[PDB]
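Protein chains in written order, with this note's numbering: chain R, 9 to 1004; chain D, 445 to 476; chain P, 1126 to 1416. Quick notes on the structure that follows.
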Ligand SMILES: C[C@H]1O[C@@H](O[C@H]2[C@@H](O)C[C@H](O[C@H]3[C@@H](O)C[C@H](O[C@H]4CC[C@@]5(C)[C@H](CC[C@@H]6[C@@H]5CC[C@]5(C)[C@@H](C7=CC(=O)OC7)CC[C@]65O)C4)O[C@@H]3C)O[C@@H]2C)C[C@H](O)[C@@H]1O
Ligand SMILES: *[C@@H]1O[C@H](CO)[C@@H](O[C@@H]2O[C@H](CO)[C@@H](O)[C@H](O)[C@H]2NC(C)=O)[C@H](O)[C@H]1NC(C)=O
Ligand SMILES: *[C@@H]1O[C@H](CO)[C@@H](O[C@@H]2O[C@H](CO)[C@@H](O)[C@H](O)[C@H]2NC(C)=O)[C@H](O)[C@H]1NC(C)=O
Ligand SMILES: CC(C)CCC[C@@H](C)[C@H]1CC[C@H]2[C@@H]3CC=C4C[C@@H](O)CC[C@]4(C)[C@H]3CC[C@]12C
Ligand SMILES: CC(C)CCC[C@@H](C)[C@H]1CC[C@H]2[C@@H]3CC=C4C[C@@H](O)CC[C@]4(C)[C@H]3CC[C@]12C
Ligand SMILES: *[C@@H]1O[C@H](CO)[C@@H](O)[C@H](O)[C@H]1NC(C)=O
Ligand SMILES: [Mg+2]
Ligand SMILES: [Mg+2]
Ligand code: NA
């Protein structure tokens, strides 16, 4: 019945917050100013569980070890091993003196799967280990009022229905129902996604508990002020608790790379069973009984299984993952590194992921001119002109009249990431003055504050009077700040380049239009003014006791406006542009206000400059929005209030007809709905988030991208990729590597798939022509698991033949990893030439030793026999058993060498899919060593003292090393001219049939 | 006799070549 | 998604008709060129070898020593009474010696009477074709006494005390060199050390050597070996219907109903041995005349 549980969790949350104080206290049975008695608290403590989310489901290490021994590729090698032991049992019990080939091969295949499992498991475990070193869970205590007394206890020791007080800086313990607040502003950024610090009022405001102000939430931190509240939800029942539990209980899906592996195996086994079955029937038609035919069937089918391709593909993915870890782009999954390259739609989170999630001074209005300060996360943008007296006055008003200061350890920290105490706005102002105005320490103590006036609840304004230490005027300096609509009512003078002017409407109206520019831009504006008090009417000894009119509220001198907003990260704009260049649909998904989300989207690249929304067209035409046609607007903003009242078809239409979509005010569950809707299109979706709301979206997506520091722990665990550096450009690096390794994998696969033809064809003609075995099993193992390992791995180091960040995302149903073109090239043409070269070397060796190639027909009947020591060759000679068998093994060895020789040119041609060998060039040093090591290793396997005794690999006469050279040259020439025609004729014959 | 092949010299040369090409490849991946 | 068989827009098994024809034609021409290339190179390879001599002859350095009853495991198990028990042996013996009858060697243009006494080697010029088809020295069945007879179509052989002739592996240009007169303990043999390749049989351990009581050898003129007048061999092309020397070995005093091992080792300087090939130089047999 877990289906019903997950379904009841996918629904949006509900509440009873909208209740009178008497009704809430009667429902919960709790005093309003004293809470409850401690015995009652302990009774609820041992009633439902401590206030802490139940730990995640522990994953034992033996479970995931066995997991890495299975899947799809490893499963194929497993059935191969099982078939080896099956054929071995049939050969053991049925015939005299059976051979131990199938048994050697069975144990070897089993070992391959086990070793690959150990390697892959060690990699995934390494990533999980460095991830465990990131849990910096600091036990935080809550301030609870019980029995009429305040006490700080463990957050787990908190229960339902009791008074809880929170101070500005304290994290909200559990979900509270605000009962009495005083200037309280909480941060709901990690949960609902609201950027600016949302205030919390005890009075019920919105039907939606997320938008209301009388509710404190789990994992939300009180920015400023103090507040009181009764605990309504506790533990997992909390909002973020149900969110985390939902994220853990969601499906992960099938990665595109794994699906491609499945398709590859389908074709491999398809042709394997076709050849095995048709040859089984052929063998029974010839003369072989059911026994021998079954053995041949298993041999042919298992031979068509790339034994070494598992490890090579795994190591390829591991190498790319290594590069991901070097750039602090960790992947918890070994194959999630590829998912970026297959992505075609990125559902990004705004606050925290796209933006820096921090209020920062954006623009200023000085001398009737707008000045854009540097808003990057590391200070690398343009700086304004800081040389005018207007800027000095404005910066002094900001640095002096503000309730923001640094702390004790804020020394060796940058001006941005350092900690500030007080309001978020005041923190932004303090950082801007500490950055573009020198420092604020000596700047604030130089003007000793006499009397201050903090911000008022109504008719907002913040002012203060300071002493002026200038060596020209001893008059007092009065400063004030506030909302522009509040400062325009308390001003008459205007500052311009140093001198004052009246409040002339010719420039005052310009001030209003500039205010509308900054406000309509999704920013919060604040006006700053100051005035010199007449020292003749207020001497240097008079104290301006704050009770009556001692400061001229009007006739002040306004200097300029100072706006602020959460800016996007540094490489975020460029990165977004890159993703749109690669052909990826960037969709913003957030629960923030639309007025800010639209501006941020225009600022990052999700909304192009020129495109208009469905509302923008009507606004431009001064007509109702119901008149315009949605097809005329390429972009659209979707409000969460309207998203709840939607069907699947409507969302499908929204996505299909609108290229730039901005989902705003979306609940966490609705974020999951957005991701599922994008997945219904059949495309690959990637979700980049940070808050707890992005946990289900990152879990259900094909790949979740979380921030290493600015992201909540829940969404960081439910994601598949972590950015320890929080650099969004890593997404771009990701989509580059995914496609890169994908294409390289194609190459690396084709290579190993090419050697299968010369590995099986000797046995096939051994069955047809009844000639001695041209290629033994041990030599085949020396090829698949010996020499070709380094060339196949070096093929993963291949670079981009063209700009991959220019092409569109691969289509899932069209661009498959392994298609008929790849098989037509490897199994059809190249592997064929390699097989012919092997047979050439075979016939050459046998004919030169006295067995003419024509004389070998039907000779296996007397060859495989161990007692016929007088087999007549072509020159009338009588060959004993071990003599001709020595020739057969000294024929298997150069056959293997021949395979290496053709693999030289095969590696070179597979290195370049479309470009030429001369275009790409042998710059891949790892590949060069692949050829050198492969060649030297083959030579060692043939000439080491005792190879013919241990591996039955007898030494070779030097002429055999040249028996395959023309075949390799021909392979290289044919594939080179093929690529040449692919270049000159990018039409269809040489491109749609061979280019794989 | 023409029925005797100096397999020892060929094997020796094969081993020398197998060592030279391998160490040269090691120098290849080490561009310094 | 696996019913891509056909459609009204022309597709068969996955692709159209015109595409199937284009691909089939390309593969036919491609594979035709590949086959022609393999055939041309294999022809060049055929032109690099001669017709009168194999290029490499080192893999047959130590000559073998085979027998007439090509047993399944070099074992001779039969019944001295049941004629069908030893039919598989006699059949192969008669088929082997069918080319040694006096009627088979009747043409004087291809056969040459070597002699009743083993003489020196007979070198008939070089291995080229400048000379005509060389002559082959005759070897009548009468040389193998007590194991040839003048029987009918079926060679009535020995039921009790069987016969097992040995044969030296025919090798082109091989000149047998018997051991020097300084024989390093070669198991009593005749003093005809210079013109015959000796072959001596024995048991294998203290048990087999005791069970096998007496052995009688038969050869050209009565010598246990191969005469040098029949060597060297000049290939099947220049010497067709060639008859290599034969030498019979009979085990008179055997312990019936007991499997005993016999090792017939051929001695000589140009005769090597091998611990891996029990047939190179030496020869093994497991006789068991169960009554
Ligand atoms: C009754 C009658 O019996 C008479 O004896 C006969 C009779 O029993 C029939 C008997 O046939 C055997 C023999 O040909 C050997 C033959 O090996 C082939 C299949 C079995 C082996 C083990 C082998 C090496 C190669 C090996 C296959 C088994 C399959 C392989 C592992 C396969 C691979 C799979 C892979 O993944 O990589 C390669 C390709 C080929 C392969 O490498 C090749 O398997 C056959 C089943 O031969 C005997 C000599 C005597 C007398 O006449 C008497 O009266
Ligand atoms: C071949 O077999 C015959 C038997 O058919 C052997 O002839 C016997 O020889 C012994 C001496 O060894 C005589 O005492 C017997 O009288 C002979 N019997 C007959 C019927 O002739 C003959 O010895 C055998 N030949 C060899 C070389 O062993
Ligand atoms: C042939 O072998 C037999 C043994 O099968 C020999 O005769 C035996 O001699 C021992 C004494 O050494 C006696 O104890 C046995 O009773 C004898 N058995 C038979 C059946 O006679 C015989 O001497 C051997 N003959 C030759 C010529 O080697
Ligand atoms: C039967 C076969 C071997 C003959 C085919 C001719 C081949 C071997 C010749 C024909 C044209 C030649 C190429 C012509 C073009 C290029 C680009 C140039 O900037 C460097 C030389 C290079 C890389 C040549 C290499 C050898 C080449 C491919
Ligand atoms: C196409 C070219 C550039 C590749 C360069 C590698 C070629 C030239 C090398 C690689 C392996 C080499 C062979 C290595 C082993 C043997 C055995 C040795 O005792 C004699 C030399 C001989 C017969 C070599 C001949 C040259 C050879 C084929
Ligand atoms: C070998 O030596 C013996 C005497 O020891 C002698 O009778 C015989 O003729 C010699 N044979 C040869 C070929 O020298
Ligand atoms: Mg293979
Ligand atoms: Mg966020
Ligand atoms: Na996932």
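Quick reminder that beta carbons are idealized off the backbone N, C-alpha and C, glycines included.
Using 8 Å as the threshold, is the C-beta distance between residue i and residue j below it?
i                       : j                      : result
residue 475 of chain R  : residue 456 of chain R : yes
residue 290 of chain R  : residue 749 of chain R : no
residue 975 of chain R  : residue 836 of chain R : no
residue 809 of chain R  : residue 992 of chain R : no
residue 1063 of chain R : residue 206 of chain R : This structure does not reach residue 1063 of chain R, given that chain R is present from 9 up to 1004, and the question cannot be answered.
residue 230 of chain R  : residue 180 of chain R : yes
residue 85 of chain R   : residue 120 of chain R : yes
residue 522 of chain R  : residue 373 of chain R : yes
residue 1344 of chain P : residue 878 of chain R : no
Give the DSSP-derived three-state secondary structure of residue i in the structure shown.
i                       : result
residue 870 of chain R  : helix
residue 95 of chain R   : helix
residue 601 of chain R  : coil
residue 1300 of chain P : coil
residue 1411 of chain P : strand
residue 458 of chain D  : helix
residue 882 of chain R  : coil
residue 576 of chain R  : strand
residue 1145 of chain P : helix
residue 291 of chain R  : helix
residue 449 of chain R  : helix
residue 416 of chain R  : coil
residue 541 of chain R  : strand
residue 1375 of chain P : strand
residue 889 of chain R  : helix
Taking the straight line between their C-alpha atoms, what separation do you get for residue i and residue j?
i                      : j                      : result
residue 212 of chain R : residue 690 of chain R : 43 Å
residue 429 of chain R : residue 413 of chain R : 6 Å
residue 589 of chain R : residue 667 of chain R : 14 Å
residue 460 of chain R : residue 437 of chain R : 18 Å
residue 656 of chain R : residue 684 of chain R : 10 Å
residue 902 of chain R : residue 780 of chain R : 15 Å
residue 49 of chain R  : residue 164 of chain R : 12 Å
- Message: In chain order, what are the residue ranges of uninterrupted alpha helix (DSSP H) at least 4 long that sit wholly in the region 1181 to 1257 of chain P?
- Response: 1212 to 1222
- Item | Interfacial residues, the region 1166 to 1186 of chain P to chain D, with Cβ spacing under 8 Å | 1181, 1182, 1183, 1185 and 1186
- Residue ranges of each alpha helix (DSSP H) within the region 721 to 745 of chain R, 4 or longer: 721 to 726
- Using a beta-carbon distance cut-off of less than 7 Å, what residues from the region 447 to 474 of chain D approach chain P? 447, 448 and 449
- Task: Write down every uninterrupted run of the alpha helix (DSSP H) in the region 954 to 993 of chain R whose length is 4 residues or greater and which is fully enclosed by it, in chain order.
- Result: 955 to 958 and 973 to 992
- Message: Output needed in chain order: residues of the region 850 to 862 of chain R with a Cβ under 8 Å from some Cβ in chain P.
- Response: 851, 852, 855, 856, 857, 858 and 861
- Query: What residues in the region 888 to 903 of chain R have a beta carbon less than 9 Å from any beta carbon of chain P?
  - Reply: 888, 889, 890, 891, 892, 893, 894, 895 and 898
- Query: Taking Cβ-Cβ distances below 7 Å as the criterion, which residues of the region 125 to 138 of chain R are in contact with chain P?
  - Reply: none
- Task: Report the residue ranges of all alpha helix (DSSP H) runs contained in full by the region 507 to 541 of chain R; include only those spanning at least 4 residues, in chain order.
- Result: 513 to 527
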